[PDB]
Structure formats: structure tokens, C-alpha cells
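Each remark here refers to the structure printed beneath this line.
Protein chains in written order, with the deposited numbering: chain A, 544 to 592; chain B, 346 to 444; chain C, 593 to 641; chain D, 2 to 1087; chain E, 297 to 345.
The structure is reproduced here in C-alpha cells:
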């Protein structure tokens, strides 16, 4: 609750870099549930947030 | 980035997880470090760009991980996450926090 | 007289272990039953006296 | 009643001459028979002093020979020098052994001739191979040869033992007879002039090899012994380190089927849990490389035993490994030089490439832990912090050995290492200055001591001034108090007398969990014990200083802080020949009041910091962390089931995340097992290390020839319980030869079984191992009453030192620093108490104990004494015994084995009754009378002294307590409350327990609160006399247990004890006059 | 992980006791029941606190 502006900032930055890298794509970026799957430790998310 | 030891201080001393002892549960804090924040920052972006499905892997005792997972689910979409782990995260959140 | 404020829940892995153990015993039991019944029936239908 | 026969046969064998005559001496508790004994004595002395045959008189006085009790045997035989060779020539017709100088890395660690290494005696030193033990090589050879002679005609499995040990002794004696025997001097040292023409390391090799071959009972034992004796003759630096290394991996290969658990310091609760062993593949390659090095050194059979075991990895064949793990530590010490042993530690690689995110968290966690330890007393203004100076000044006796300094108490000169004596010296000459902490720098570097243990490296020891102790004492004691109840400190978590000796690993072992265990003994010169470690504590102290308002406490904190400032820059005196090196060493080691708890703190913080990095790649829940000195282990549980690859990756990540802090480690991850310094587990079963060299010691203590025999028997008991078994007859031969005393050049006395096995300050062993013996007879009572009269002796050195001026000044300053205006009523009490802690100084103890031994010998010679009614233990047992009745019983087997290495009889007991679950005060610490002493001091007072103090009036109790530093108001309050009547019983419980080794040896391993032992013990209840029923149940338990040990079978008991005798004994309770030696205890946990 | 439709799996035979060993085979049922007892002891949790 008291990381409010910092997380606003994070979300804006993340979305910005995502779109500016999306622009540098040439093949249709299509959505599928793949066989295997990248792991993500939520502790990393807590470290970031 | 923020100096870690500061966050370690305030998180540790207000959560007070040591007083919560069962009586061997050494409930000291776990990964808050750097070189995980930017690891996630790369993982999320690269997965949304690649459309690489990514899963969640957590421990429900660390309710802070889930308090951060709700942020994750808020900003990052849900069709990026495999349904089983997504459901697990949401369900831990509800059975522990919300309800 | 020696008990208090200490809950113990069986880990899921113990449960899965116990379930697979029981499955394997039960499957072995049924499979070997079918074996023995096959040979007995066959001996009786081939007049082996 | 058989020991004395082996004594007689040993005497007959060693002397063998017409001139060699043998003279028993007896005693009896009955007057008439005693005068007949005196007569026999007389006639024996005369006949010996007239060259007449003694064998004739032995028939005339058959009564004395049959019913009286033996004491000793004299022996008249002249010099007859060099008889060792005259016996040994026969056992040496094999080939001698050749060294191999190109085995050890160094030059002097080879087993070459002395003259090739020390041409001049002025540069000679026997210290690199000093046995440091008052027993000779010739003693050992005589004992071995006598054993070989008596077992020279048996035809059984015994002969299979005899051929093996004979071949081994042939291997030894061929090497010895090639050159000859070194001859001990009066001091049991070995001078240049005997070793001048012989190999330097022949003596240690000899003793260790004799010790091994006396511990051979099987074929594999023979293989191990033949394979070490022939290789330990040359390699003396890289052998125990080698064979003892693979064990740490083997424990990670044994599947659990059945487990033991811990709750509270000895609690157990077994589990039928099965757990597999998910070992990765690369550790097999490690193990293979280790066996390849093993073979490259010249080992063939023992790789084969380690190789054929891996096909099954079973735990039933596994004790061999444990046996092997103990066969490595009975090869000796690697007594190399102070310098090269320090340089094992003094190699440093400090880098400006480590994290800062890591060190800052580390420092902060140390800071926080310090504050958690010290917040409450610093705030509530506890007495021990305000008066920290006086507290340390009283507890100086529990300190380390300072550097030797020249004192003078009036008209003598002393070179004491005891810091209390240093304080006494410096007070007089105006030098006592505890506020000014000395530096430790170029201008005044620090000396060193070496903490050795075979099969490992040499650790170093600071030897500081006496200000550092005084500063650190109170704060470190409060830190310990905090750590008594903290789970994560395994050196201290207990209920005020025990340690977590069985470990606390097996709670959370499962298919989903793993455990990372790690040796942290090399982490003394490391970059994380320098600046950050010290600065964290300094920061915590700053916080605490701002967290108090009183000034004594802030001064104490500033002194501890300044100590940490000075230890941050620290130089180290290390000689090398004549010149002296001083090296920058701004780091940590032992030799301090602080090292233990602080290392535990720093290792805990370190692992908490590293363990939050695996979280970047894994999800786990930290279930438990433990840190105890030279090891540490953390268990952790996963969201799923474990695989080989997670073990591998976790280990590599741990190793590299320690490397990020510039920290070396052999990272070890497993699922079922650990190995650490003091213990190790395989398959849910705790084993122990049986590595106590008997015939060779680490350094030279101060005890006599006598007490080292008791120490040697205790070490024998320990190693036996551990698994390493030596033939007991050899031990008995050593005991008789070490208790033998020379009254002249040709007269020599040899005591008997009834002097050495009797509860006193002179007890040495027991007639049947694992069993103390008591006395139902007249005679044991008689000599015990006699010996108690003699135990109390004087020390003129202490008397003259305590009569000087400096001692008086010290007492005066103690007084006026504590209380005043009773200069002849209490101050004498405090002086009398300081006397109790001068005796730590060794020559005082030697004077007093040698006096006791002389008084003993001057009544072994002459007749015996009635001792004047002084009540003891056997007086009580004499009266309790005639109202028992035994009957054969039959208990079943319902308790589980979890210490396989025990002898089968002890295990049968454990396999029929339980293992202990509580622990009663061996030091009487929890007693409310002792919780004052543990509040204002550390001092022990022995339960003899307390047991007496309670027997006195309510007046001198106050003086005795005030003399121990306590004030007068709380002592008065203790007397007014009337808690001592509530505390007679606790004190007596602890007293009786200490007297009978219930918490010392095998009986420490047994549950006397059992329901199974109790149903045999059918003693009806009377009430209102607790001491009697207490001792009755205890003595009956001991009866049942000893019958079990010596015969296996069980029995019941019954004592319808009459009320008359209850009351007659109630008054004999608190008037006991008995005492037991410290040197006789055999702690199973060392 | 997501598993494709290319995948397969075999189902155990968990058909109950065709023999009724609890009907006058007491010596065998003793062994069976003992086996299940000792297995169940290996999964009951230890009372940690």
C-alpha cells in the first residue's frame, strides 16, 4: 500500500519497454499454451516490487 | 535500486516472523535481493514478447509472495500463465487473505 | 498429557507415496490373480488330469 | 579377584630371577586376624631381609591368604638392565622396514634419522614427536610380549587372534631390534643422545602400532592394521586426512528404514519413516578420485572394502566403515611446526570483486542479533553488567592460559600462566589498569597456541592479556543466556545441563526435503570474519549504549567495543628458529571469551544471507538451521519431490554464492545423512568417532603417573562404547605398570584390585567394565573410611603464597570493592575461598596430590587404620543390603537399536529398557541455592561443599554464600524464606548421582524413569522420609542394571524395609564423608 | 507442464478382492493387515512439538 507510486512507475516502465520491443518484431506474435513452461519464483516479484 | 538491508530491516521488524515460531520454523526472510528483481524484469518482458508460457512456483507460508503475486496478476495478463498454477495462486490468495 | 499448539498435516508427498504403494500392491494382486486363473482354466479345458 | 593374578604373572615374567622375590601384604577388619596379618607382614619383611624362601610361610598362615584382603605386592630385584632386548630377540626374526623419504611433502615430516636433521643438539627438539605421556615404550613392549606369552598355547579363535598380533609385533620388533630401544629419562622425555642414531618418528609409530595390534580381533582388523602400521612408518602428514575423508560422502548413500527424532536435549520419538538416497552422479566421481588417491598412496585392501560395499550400500555391513573411520585416528598426531601449521590458516586471498549487497546484510544481521541478545539486561540495568569488572575478576579461574610472566609472592619467583595470579601481581606494582585495554599491534603482537586433533588441520589460539577477558565476560554470559533457549545455537540449546548431542536433523527428513551440511572450521582467516564481523558488533554496541541510561553499563559496552577495535588489527608472534615473525592477522580465532557464540552468530547470519539466493531459482521453506562451531546444517523442504539434478544445482549454487563472499567451501547436499566433527548419521542411526590416542597425547598435561592410568582407562571405555575395542588385559598391564612405584632402586610396590577399583580420589578402573563397584563387606568400608582420612592434604606453596602481601592486598581490594567493616568475620572467608582457586595452578595441585599418594604409600607399606567412624557410602549400602531378595524375571525386547556400535550387552539393555529422556543436575546448578551463584558468579562449588553447607547452622551458610561474591541481603533472604529445607533434596539427588557415575559413562545412556525397569523394583512406600526411598530405588536400579550388564539375564527385587532402619538411616543421610576423583569419569561425548 | 494429445498412459487394474481373504484365510489376512499396519506407521506424522 505504501509502495504506491513506485509500483505505478514500475508498471509504466515495464509496459513502455514491452511496447518498444514489440515494435522490433516482424513475425505474428501468436498465443499458445506450450508444452514446457518458464518458471517464475514469486520471491523475485517481491524483490522487484 | 533500493539498498536491500533497509527493506530487510523494516520488513523483518514489522512482519515479526521470528515471534511466529512453531517452534522450529526459522521464519527469517527469503529472497529480497537484487539479481532477482531484474531477473523477473527480463523474464516477464521476454515471455510476453516471445509468448512463452510461464508458470508460478511459490510457498504458501510466505504470504508476502502471494501479496506480490496479486500485483503480478493485476498487471501481467492471465492467459500468459498456465491455468493450474494461476488457479493455485489465486486460490492461495483467497483461502489465506481474501475470504 | 503431552500435546498442545502443534498441528501436523501429512505432506502431499507422503500421501502420494502411500497411494502409489497401495495402487501397485493392488495392481500386482489383480494381475497375478488373472494369471493363475488363466492357467487353471486352461488346464481344465485341455483335459490335463 | 583376577587382576591380581595377572599382576603376579606379569611380575614372574618380567623379572624371572632367583633374586626376584614376591611379597604380598594383607589386611582384615577383625582385630585378631589383623594382628595375625601384622605378624605375617613382619615375618615376610624379615625373611626378605635375610634371603630366605618365602613360599613356606604361605601355608602356615593359610587363613590370612584365604579370608583376608590383599593390598599390594612388593618386589626385590636389582637393576638387571637391558632385559627388554633379552626378551625381544625372539619376536624379531622377520625383516625390518625401510622408510620412504619421498612420501611426505616436507622434509622433516619424513621418518629419517635424527642426525640427518639435527646435527647439533643445541637445535634438536623432540617436540615434533613427543608422546607427552608418562609411560615408556619399554612398558608397552613388555606388556605386549607378556600377553603374547600367556596366550602362547591356546588353540581356538583366540589362536587366530594370536597369530595375527604376533605377525604385527614381528613387524614392529624387527624394525626396533635393527637399532635398539630408546631409554626414557626420569621425566619420560627422550633426549638427543638416544635418538641421535635412530629415526625421529620411531617412538610415536611404535606406540600407535602397539595400540592398534592390541585392538585386532578379526581379519579385516588385521588388514587395516598391517596396512597402516607399514605405511604410518613413513607417511605422517597425509594419512588420517585421507582415509577419514570419504566418510562424509558415504553417509549420503544409506537409505533410511526407521529413524530417531529429537525434541528436547535427550528426548526421542522413533519413526518407521522410509527415506531413499537421491545421490547425484558427480559425487561418485569425487569418491572415485578419493579412492584413487588412496590407492596411489599405497592402500589396497581398504579401497577394496570401500569398493565392495557400494554394490549394496547396506547399513548392516556399514559399521566396517565406522570401524575404519576410527582406525584412522589411532595412528597419531601430526605434530608439525607452529609456523607451517599456522600457514595452513595464514593463507589469504582478499579481493575487491565480492558483493556489497551481501556484506551489508551480513553486518546488519550480526548487529540485530547482538541487540536481541543484549536489549533486556542493558535496559533493565542488570547487576552483572554494572559490576562486570568484579564478575570477570572472580571468574578469572574459568579463563584461558595467559602468556607466562615472572611474578614474586614475597620471596619466590613464579612463571604462572593463570590470569588471576597476573592480576594479583599487577595490583601491587600499580599496574592493574582494566580501563586501559592494551593494543595488539606491531609494538605488542600476540602469542599463539595450537589446537590439534588428528586427521584434520591445526587451529590457532590467541593468548591475550587479562583485560580482554574481564571486558568480554559479562556481555558474553548474557549472550549465552539468550542462546540457552534459542533453537538455532546447537552448542547451547538445552535445559541448563545437556547439549543436543544426538542432533536435530531427522525431524524433517523426507523424500521432498534435502539438507545442506558444511564444514566451517577453515573460516578464521576468511574475509568475512575481518572488518564486517567486528563492525557489526560495534554498531550493535552503539545502539545498546543509546538504549541505556546507567553509566557502568555504558563503560562496559565501550570497553567491549574498544576490544573489538583493537582485535581488528592484530599481529601474531610466531618464531622460526631464532628470529620471530609478526604477521598482519586482522581476523578471528579461539582463545577468547567471545569466539564461540560470535562465530555461531556470524555463521548463522552468513547462511541466512546465502540461503536467500537459492530462492532466486528454487522454492523452498527453511525448516531448521543449526550451527555448532566447526560445522553447520540447514534442512529445507520443497513444493515437490527431490531429484538428483536439484541436489547438484543446489550444491553448485551454494558453493558459488559462498564464492561471491570470497569463502571457500566443500558444499555437501544430501537427503538422509551428515558428517560433522563430533558425530555423524547414516540410515537414521547415530555413530561416533572413536579417535582417542591412548599411548600418545596431544600435549603434556600436569597430572601424575597415577592419574594418567585412570585417564587411559576412561578413554578405553569411551573408545569401546564408540566401537574401537582394545584388549583389556593390555590396559590392565599398563595400569599396574603406571601405578607401580619405586621405594628404592630395587624395592618396588604394586597395588591391587581392591585399592584401584574402590570409590575414592584414587579410583582407576573397575573389575568388570561398565560397572562401578560398591562395598557390602567390612573391608571395602574399612579402606574407604581409611582413605577419606588421607585425602585431605596441604600444599606449602599455596600456604606461603597466601601468606604474602599481594594476596592480602587482592583480598582487601575484593572486599572494599564488594563490602567492608567485617575484616575478621567474612574477609577471611573470601581469602579461604581464593585458596580454592589457587589450586588450579598446577604445581600446587601436584604438591597436594603427590602428598596424598605418599600418604597412601606409607600405609600400603605398614598396617591399616580404623579411621574413626567417618561415615561414607558403603556404610549405607552395608545397611541397605540385608533386606533385599532377588528373583529371576524376564523382560521382553521392545525398544529400538539406534547405536549399533555399542557392545551387545549395553545394547541388550537399551533393547529392553529405554534410552534416557531427562537429565538431572550433575553440578547442582538448578538448585535455588545455586541460582544465586549462577547469578553473581560462575563458580561451581562442588556438591560436596554444598552438601556440607546445608548440614550446618543457619549462620555460616550466610558467610559461605557471601564469600562467593553474593551480597548479604539476598543471602539473608534465602535463609529467611526457608528454601534450603526445600533444597536439601535436590542437592542430595545430585550428590548421589555424581558419586555413582549415573551421568558419566554407560549409565548416562539409560532411562531410570522407565516403566519397564520399575515393575521389577517392588519396594513398597512408607512416606515422610524421601532420602531413604530415593536411595533405595536408585540402589535397586543399579543392582538390576549391573546384573544385566555382567550376566545378561534380568531379576526382580523387593525391600520391605523396616521403619526403624528408615529412621536410623535418615540421620546418616546428611553426614556422608565420601569423594570421587574427577579423572575417573568417562564422558561418552567428548 | 502441459502434456500433448500425442501422449498416452496405462491404467492400473484396481478391481477389489475377488477372493474374500477376510473369509477364512485368517493366517494370510494377518500378514496382509500387518503389512498395511506397518506401512501406515511410515506415513503418520511425527509429533514435532
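Cβ coordinates follow ideal geometry from the N, Cα and C atoms, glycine included.
Query	Result
Pull up the DSSP beta-bridge partners for residue 583/D, would you.	574/D
Per DSSP, what kind of secondary structure is residue 1051/D in: helix, strand or coil?	strand
Put residue 77/D into one of helix, strand or coil per three-state DSSP.	strand
Excluding sequence positions up to five away, which residues of its chain have a Cβ less than 6 Å from the Cβ of residue 637/D?	621 and 623
Which residues in chain E sit within 8 Å of residue 368/B, going by Cβ to Cβ distance?	345
Can you tell me whether residue 428/D is helix, strand or coil according to DSSP?	helix
Nearest-angstrom Cα distance between residue 164/D and residue 177/D?	20 Å
Whole angstroms are fine: how far does the CA of residue 514/D sit from the CA of residue 557/D?	45 Å
Listing by chain order, which chain A residues have their CB less than 7 Å from the CB of residue 300/E?	578
Below 7 Å between beta carbons is the criterion; list the residues of the stretch 313-338 of chain E that meet it against any residue of chain D, in chain order.	334, 337 and 338
Pull up the CB-CB distance for residue 130/D and residue 239/D, whole angstroms please, since I reckon it's below 8 Å.	Residue 130/D to residue 239/D, Cβ: 16 Å. No contact.
Cα separation between residue 448/D and residue 72/D?	49 Å
So for residue 1036/D, helix, strand or coil by DSSP?	helix
Which word fits residue 312/E, buried or exposed, when buried means at least 16 other C-beta atoms lie within 10 angstroms of its C-beta?	exposed
Between residue 318/D and residue 310/D, which are expected to be in contact by the criterion C-beta below 8 Å, what is the C-beta distance as a whole number of angstroms?	6 Å
State yes or no: is the beta carbon of residue 618/C nearer than 9 Å to at least one beta carbon in chain D?	no
Flag this pair as yes or no: are the beta carbons of residue 709/D and residue 135/D separated by less than 9 Å?	yes
Tell me the residue span of the beta strand (DSSP E) that contains residue 671/D.	669-671
What are the residues of the stretch 351-380 of chain D that lie near chain B, defined by any Cβ-Cβ distance shorter than 7 Å?	358, 361, 362 and 365
Establish whether the CB of residue 513/D and some CB of chain A are separated by less than 9 Å.	no
Which residues share a DSSP beta bridge with residue 452/D?	460/D
Quick check: what's the CA-CA separation for residue 249/D versus residue 811/D?	52 Å
Could you tell me the distance, in whole angstroms, from the CA atom of residue 369/B to the CA atom of residue 906/D?	36 Å
Report all residues from its chain with a CB closer than 8 Å to the CB of residue 575/D; omit the five preceding and five following residues, and keep chain order.	339, 340, 343, 449, 581, 582, 583 and 584
By Cβ distance, which residues of its chain are closer than 7 Å to residue 255/D, with the 5 residues on each side in sequence left out?	278, 314, 316, 319, 673, 674, 683 and 684
Would you mind reading off the limits of the alpha helix (DSSP H) that contains residue 59/D?	58-61
Mind checking whether residue 444/D and residue 666/D have CB atoms under 9 Å apart?	no
In terms of DSSP beta bridges, what is residue 402/B paired with?	584/A
Please report the distance separating the alpha-carbon of residue 869/D from that of residue 63/D.	30 Å
Check whether the stretch 284-294 of chain D and the stretch 209-223 of chain D are in contact - that is, three or more C-beta pairs closer than 8 Å.	no
Could you tell me whether the Cβ atoms of residue 725/D and residue 691/D are closer together than 9 Å?	yes
Threshold first: 4 residues or longer. Then list the alpha helix (DSSP H) segments lying entirely within the stretch 154-202 of chain D, N to C.	158-178 and 193-196
Could you say which of 483/D, 280/D, 440/D and 836/D lies nearest to residue 569/D if we only look at CA atoms?	440/D
Going by beta carbon distance, what residues of the same chain come within less than 8 Å of residue 755/D, once the five residues before and after it are set aside?	70, 71, 72, 780, 781 and 784
Check whether the stretch 453-461 of chain D touches the stretch 418-435 of chain D, taking contact to mean three or more Cβ pairs, one atom from each stretch, closer than 8 Å.	no
Residues of chain B with CB under 7 Å from residue 622/D, in chain order?	404 and 406
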